[PDB]
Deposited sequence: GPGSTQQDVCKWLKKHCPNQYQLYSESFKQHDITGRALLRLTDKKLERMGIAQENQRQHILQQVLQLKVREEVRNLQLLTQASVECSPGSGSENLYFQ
């Protein structure tokens, strides 16, 4: 669960070409960590990335990130809280 500003820096890191062109759509739409991971071609077109070409690269990173989360999730399954 990373912050909205976190996403923006993740995009600048992994989607440089797309950041100059589409930084604002992620700001305008408040794409948080949880939100980024639910993202799809159809959704990205709805935030205003009109060009399927660019949309692909953004999900190529979104999915590569989704994968890396599953390595950490699956490792965990082999090794927070609250108490009332």
Compared with the full deposited sequence, the modelled chain skips 1-2, 82-93
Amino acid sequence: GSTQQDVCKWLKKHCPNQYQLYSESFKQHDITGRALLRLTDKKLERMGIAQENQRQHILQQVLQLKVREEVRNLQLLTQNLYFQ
From here on, numbers count along this sequence of modelled residues.
Higher-scoring stretch by recorded Cα B factor average, 60-68 or 5-13: 5-13
Entry-level comparison of average CA B-factors, 40-48 and 23-31, reporting the higher stretch: 23-31
